[PDB]
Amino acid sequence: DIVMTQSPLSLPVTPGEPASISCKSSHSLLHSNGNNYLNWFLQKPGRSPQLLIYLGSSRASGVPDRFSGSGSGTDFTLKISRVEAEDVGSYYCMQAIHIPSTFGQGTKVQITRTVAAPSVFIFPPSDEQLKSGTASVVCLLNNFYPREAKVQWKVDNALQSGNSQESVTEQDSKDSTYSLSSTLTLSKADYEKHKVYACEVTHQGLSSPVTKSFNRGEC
């Protein structure tokens, strides 16, 4: 099989600036008929791949003309002339000269923006859930940049570990930020043994860590 090598696998870039991705095949994609059987695709989060360039250098219908492809033989390049915020996603090359068709591993384009602090919100467990004997405490970090962020749970000022999980959204297509949720899970029995529940957030956009908290039962 033909091996497709993409580089870089991660590509930071600033809107307005040019960007370019390399795709190198182990074998020539140049057909006897003169065409290179190499297509480029963009796969945005939660969507199916979409054609950008086919047969080496033909822009597909509807693709903005800031996208272009070039190359021949084994070395190919996708070039974005002026990156937009909406271009975040993963980019793939695919060869169609040899069965089975094979893809590059994908290049994840990350959109650079200014540092942005999270807005932090804490949510006590609902009365409905507490009926059932479990307590989920949720801390939301909204619309921040860059992605690195530390969430520290504290119960009666005791540092928690091993009882929380985090989920992070993909970069927003308009403002290029991330959001994160952390869920602290305790049994109703453990939740009722304590009063102050707090999540402390550390992030580049914050001069000092920010703590949101509540007292159980008080509102």
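A residue's number is simply how far along the shown sequence it sits, counting from 1.
**Student:** Report the stretch with the higher mean CA temperature factor, choosing between 176-184 and 30-38 on the basis of the entry.
**Tutor:** For C-alpha atoms only, the mean B-factor is higher in 30-38.
**Student:** Higher mean Cα B-factor in the deposited model: 128-136 or 111-119?
**Tutor:** Taking the mean B-factor of the alpha carbons in each, 128-136 is higher.
**Student:** Per the entry's Cα B factor values, which of 165, 169, 48, 61 stands out as the maximum?
**Tutor:** Highest CA B-factor of the listed options: 61.
**Student:** Going by the recorded CA B-factors, say which third of the chain residue 141 sits in, lowest, middle or highest.
**Tutor:** It belongs to the lowest third of the chain when residues are ordered by C-alpha B-factor.
**Student:** Would you mind checking where the Cα B-factor of residue 79 ranks among the modelled residues of its chain, as the lowest, middle or highest third?
**Tutor:** Residue 79: CA B-factor falls in the highest third of its chain.
**Student:** Relative to the other modelled residues in the chain, which third contains the C-alpha temperature factor of residue 43: lowest, middle or highest?
**Tutor:** Lowest third of the chain for residue 43's C-alpha B-factor.
**Student:** Can you tell me which third, lowest, middle or highest, the CA B-factor of residue 20 falls into for its chain?
**Tutor:** According to the entry, residue 20 has a C-alpha B-factor in the chain's highest third.
**Student:** Split the chain's modelled residues into thirds by Cα B-factor; is residue 9 in the lowest, middle or highest one?
**Tutor:** Middle third - that is where residue 9 ends up once the chain's C-alpha B-factors are sorted.
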